[PDB]
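Below you'll find the structure, written out as structure tokens, and then a few comments.
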RNA sequence: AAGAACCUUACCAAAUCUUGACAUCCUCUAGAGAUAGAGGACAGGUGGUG
RNA sequence: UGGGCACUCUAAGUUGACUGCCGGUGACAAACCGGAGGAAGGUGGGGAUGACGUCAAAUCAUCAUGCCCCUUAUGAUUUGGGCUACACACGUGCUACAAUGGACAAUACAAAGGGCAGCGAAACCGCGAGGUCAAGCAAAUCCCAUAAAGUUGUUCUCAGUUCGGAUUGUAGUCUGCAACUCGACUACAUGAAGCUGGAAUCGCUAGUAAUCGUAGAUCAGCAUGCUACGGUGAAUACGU
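Chains as they are written, first to last, in the numbering used here: chain A, 1 to 202; chain B, 1 to 116; chain C, 1 to 60; chain D, 1 to 127; chain E, 1 to 97; chain F, 1 to 155; chain G, 1 to 82.
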């Protein structure tokens, strides 16, 4: 146990909560509704480049703001796809008509998208060194002040767990006045699970 | 001396009378409410007429011998019918249900150690 | 074992002293809070992302 | 003619009201020798009354709440010094020389995790 | 007339301390100043480790900030404009009325 | 320690006799933060020794303290298989700390009924060059007397 | 234990198989699982095969045993020394 | 383990069950009580290897 | 209490402590010593923050997971028992071995929290646990709630005792379908070891060591455990 979670450390100071609502009572059911929506979103919007999911609640209505790197894939050809998402969520408990899609223009500048992109290639028998270096190269080319990447566990199919970590630029994880996007992803391979961590600082 | 059990002299009545088996402090304070004794006079400064008043009250309670006999037949009954409390009495173990694994000395008695 | 004790806890027991609390996210039967219905582990992971409203690290 | 000089010590706040007059010290509408159990607290209370000569010249109408008695006594003492300057502001030339205008920050310590309560540690043996 | 607001974030309760006194002064009405009410801190202490490593505890807080604003001259244009609450979906409103 | 010197925490004069020495004696009698008793212990003994001797309570105390305070201590050096007991003269500040400590410790070790009478008994005995408190300094001097041959080993 | 308002406790099915046979002369060896039932005064001259956890130890109920639960008369643990 | 009378209990003895305790599509009567009578690919495993 | 909101609090913003300054030692420069304000002076004090790596350290029993097996069992529902068993040894604490104390009565001074079918006042009954009725409070508004050590007097007069409260007997209170295994308590009776702990050993240089109570998480009920909160509160620290 060495590194504190970058997101948890900076939440409330410079970062903001995803679940933004108040519940003096019924907090347990309202919170578990958030996870129930998020978990359903996770598998339904799997191949869509979904990075963050914000659930807001006001006047017995659930507001969902889904930040995606592939708008239109979620929305559909004018709204057909998002309609199925809305009504499928709508069937669960109350009504949640508000769904807002936010475009993520720099997909390679998002930690969750970069980590997921790395993890999916790793599952398809790819070099654990090439995926890190190429992804790192793209982010630095996009103006990021610094990017750090780490892939752990049976690198290349070996019988012993290792951890390949490559870094470029400046990634100060000790400074609090700095927004470092951190995300962890898993790549289930034939030899076992992999651990991907990305530290994109802009 | 009350009914055969001599109490320590040069002591206050409320304190000296607890030396009798079967009588404690709370019971002793009860005597001085009935018998008109100031609870501060020494047994050696006590007056014989005060002794009579005290002695009349004492036998009303289960004072001596009887309380010893009562407590024994209660345990003896537990021994005869072989309950949880009463079998542990035979083996000298805490009968309430305390932990006998490491800390039970006023029931086990002396520490007869086994070497390793 | 899991998936049987979880359903048993979900199932209404006969009396009011038979039911217990399990972490609805993972099923842990120990150290489960009541304001969040979450174990000490699931509390840490969800509070780190910020999915529990208003919960932040205390530094007093 | 109340010279309001505030004073805080530990978890106590004293509302010192200096008023002219030779008389006793009335802590929470009570004599200082009936309020404070010990005289040593009453000596520490009159420290700024003695450093600059104004002993007993004021009837301190103090409204103290919080803490025990030593915390309240020094909160009054600190409040008295912050009120002696409220009467005459040419008094600091000896109050700073004796350190009476400074809020003492020697407040208690956190119960440090991993260590037994405060800065001390539990028993340690070798296996 | 006792409008009170509770919020987990102090910034949205400071913004909620305002923005309703301004809709109170939108009509002709006197409103009392935002009363700073004591916040309620809930402290949680959990073991960081997933098993046995005790004495290593992660401490979390949750501060519910509170405000009190009192309308002193309730005009009809205030009861109609009382629905203009710009709640950011996370600021609880309790108008005692 | 290693880095320079440590400033010491000071005391205020006694409420009654106006002596910083008297207040520090209270700080020694005190157990478990109980000032109340310690303050009562001394005043029940200062006012008691006045009835025994006759002179002022603080006047006898000042005389007694002088007869407990040590003049020459014995600090330990080391050359090897022999430990050098090097006699070192006591600095004035440590003398009062030792004199007050030996008054309390050798009053506790005695006994008649209570602590106040023991303290008062030891106070008068010290002014008369008797008691354990003055027997501790007589042994402290004696060890300093014997080991004058190690005087020049004073670091 | 219990109270004076609540009174004594016997399992809702246990006494039913006691006042079932009391109109007959012969006592029975009723198998029992409720160790928590108070031995009632009507429990007299009756063998109760109380479950200790693995077996049904029988117990002839005398007057003195009224007051304690039959669980006190069924040894659960076994110990033969060290 | 920040909570062992039942539960928790993952352990043991009895009463039991096998598409299952759970997916995914296809009011009375005995009886400790469960439960009983009347008013199919699949699951699962606190099983093992930190 | 009317009235004010003055003081204090409450919580938002905003000043301040930056070697700015004044000297003097280094002008190889950094730096260092003392002084001045100033509430705070030299990273002002505490918290969070734990690099490369180390220990194949811990966790397949939070969870997931590669592989390996069970799959009318290694799965599954119930009642009872066990997890509390006791020849003993070890670690961590609590309580005392009293007179700076026991008891007996009066008499003060906090902080921090929690609370909706919860906190539960006031009254009444009971020796007491507690029970019956209950106001108010979704709470800076009502309740937990009273801090206790502390102060003042009286009593004991060094004694295994008016210290100590382990252990048993009896009769009860609450919670729970159900306190036997194996709950917390309350009364009356009893009254153990223990007269300050050997060799060894740990902690600490301030509001610390020591000492007194309060609160919370879990929780039908159950803490000498843990986490927090305050009250009283030492002192030499020359020196390497």
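Note that CB positions come from ideal geometry on N, CA and C, so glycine has one too.
Q: Decide yes or no for the touch test of the region 4–23 of chain D against the region 55–73 of chain E: beta carbon pairs closer than 8 angstroms, at least 3 of them.
A: no
**Q.** With 16 other Cβ atoms within 10 Å as the buried cut-off, status of residue 13 (chain F)
**A.** exposed
Q: Measure the CB-CB distance between residue 71 (chain E) and residue 3 (chain E) and report whether it falls below 8 angstroms.
A: Their beta carbons are under 8 angstroms apart, which means residue 71 (chain E) touches residue 3 (chain E) by this criterion.
Q: Determine the direct distance from the alpha carbon of residue 40 (chain E) to that of residue 42 (chain A), and round the result to whole angstroms.
A: 35 angstroms
Q) Mind pulling the alpha helix (DSSP H) runs of 4 or more residues that sit fully within the region 22–95 of chain D? A) 32–35, 39–45, 47–51 and 70–87
Q) Once you ignore the five residues that flank residue 92 (chain B) on each side, which residues in its own chain have a CB closer than 7 angstroms to its CB? A) Result list for residue 92 (chain B): 107, 108 and 109, in chain order.
Q. Would you say residue 17 (chain G) and residue 30 (chain G) are within 8 angstroms of each other, going by their C-beta atoms?
A. In this structure, residue 30 (chain G) lies closer than 8 angstroms to residue 17 (chain G) by Cβ.
Q. Exposed or buried, residue 34 (chain E), counting other C-beta atoms within 10 Å across all chains shown (16 or more means buried)?
A. buried
Q: Can you say whether residue 160 (chain A) is buried or exposed, counting buried as having 16 or more other CB atoms within 10 angstroms of its CB?
A: exposed
Q: For residue 39 (chain B), collect the residues of the same chain with a Cβ closer than 8 angstroms to its Cβ; drop the 5 residues on either side in sequence, then sort them by chain order.
A: 12, 13, 14, 29 and 32
Q: Could you please give me the residues that DSSP links to residue 46 (chain E) through a beta bridge?
A: E:58
Q) Between which two residues does the beta strand (DSSP E) containing residue 94 (chain E) stretch? A) Residue 94 (chain E) -> beta strand (DSSP E) spans 91–95.
Q) Using a Cβ-Cβ distance under 8 angstroms, would residue 15 (chain F) count as near chain D? A) yes
Q | Spatial neighbours of residue 62 (chain B) in its chain, beta-carbon cut-off 8 angstroms, leaving aside the 5 residues before and after | A | 22 and 70
Q: State the CB to CB distance for the pair residue 86 (chain D) and residue 5 (chain D), rounded to an integer number of angstroms; the pair is presumed to be in contact (CB under 8 angstroms).
A: 5 angstroms
**Q.** Any 3 or more C-beta pairs closer than 8 angstroms across the region 56–70 of chain F and the region 17–24 of chain F
**A.** Taking a cut-off of 8 angstroms on C-beta distances, the region 56–70 of chain F touches the region 17–24 of chain F, as three or more cross pairs fall below it.
Q. Nearest-angstrom Cα distance between residue 118 (chain F) and residue 94 (chain B)?
A. 46 angstroms
Q: Compare the C-alpha of residue 74 (chain E) against each of E:49, E:36, E:31 and E:61 and name the closest.
A: Measuring from the Cα of residue 74 (chain E), the nearest candidate turns out to be E:31.
**Q.** Exposure label - residue 170 (chain A); buried when at least 16 CB within 10 Å
**A.** exposed
**Q.** Assigned exposure category for residue 53 (chain C) - 16 Cβ within 10 Å defines buried
**A.** buried
Q: Could you name the residues of chain D that residue 122 (chain E) contacts, counting a contact when the two beta carbons are closer than 9 angstroms?
A: With chain E running from 1 to 97 in the structure shown, residue 122 (chain E) is simply not present.
Q: Assign residue 23 (chain G) to one of two classes, buried (16 or more other C-beta atoms within 10 Å of its C-beta) or exposed (fewer than that).
A: Exposed.
(Q) Using DSSP's beta-bridge definition, name the partner residues of residue 174 (chain A). (A) According to DSSP, which records beta bridges pairwise, residue 174 (chain A) is partnered with nothing at all.
Q | Unbroken alpha helix (DSSP H) run spanning residue 80 (chain A), endpoints | A | Residue range 80–90 is occupied by the alpha helix (DSSP H) that includes residue 80 (chain A).
(Q) Assuming residue 7 (chain B) and residue 35 (chain B) are in contact, meaning their beta carbons sit under 8 angstroms apart, how far apart are those beta carbons, in whole angstroms? (A) With a Cβ gap of about 14 angstroms, residue 7 (chain B) and residue 35 (chain B) do not count as contacting.
Q. Nearest-angstrom Cα distance between residue 145 (chain A) and residue 13 (chain A)?
A. 21 angstroms
(Q) Check this for me: beta carbons of residue 129 (chain A) and residue 97 (chain A), under 8 angstroms apart or not? (A) no
Q | Contacts of residue 68 (chain G) in chain B (Cβ-Cβ under 7 angstroms) | A | 83
Q) Does residue 38 (chain G) have its Cβ less than 8 angstroms from a Cβ in chain B? A) Look at residue 38 (chain G): its C-beta is not under 8 angstroms from any C-beta on chain B.
Q | Given 8 angstroms, three or more beta-carbon pairs between the region 66–79 of chain F and the region 98–113 of chain F | A | yes
Q) Counting pairs of Cβ atoms below 8 angstroms between the region 102–113 of chain A and the region 180–190 of chain A, do you hit three or more? A) yes
Q. Can you find a CB in chain C that lies within less than 8 angstroms of the CB of residue 72 (chain E)?
A. no
Q) residue 130 (chain F) to residue 52 (chain F), Cα distance in whole Å? A) 15 angstroms
Q: Go ahead and pull the three-state DSSP assignment for residue 98 (chain F).
A: helix
(Q) With the cut-off set at 8 angstroms, would you say residue 102 (chain A) and residue 85 (chain A) are in Cβ contact? (A) Going by C-beta atoms, residue 102 (chain A) is not nearer than 8 angstroms to residue 85 (chain A).
Q | Of the residues F:33, F:144, F:3 and F:146, the one placed nearest residue 70 (chain D), counting alpha carbons only | A | Taking only the C-alpha atoms, the option nearest residue 70 (chain D) is F:33.
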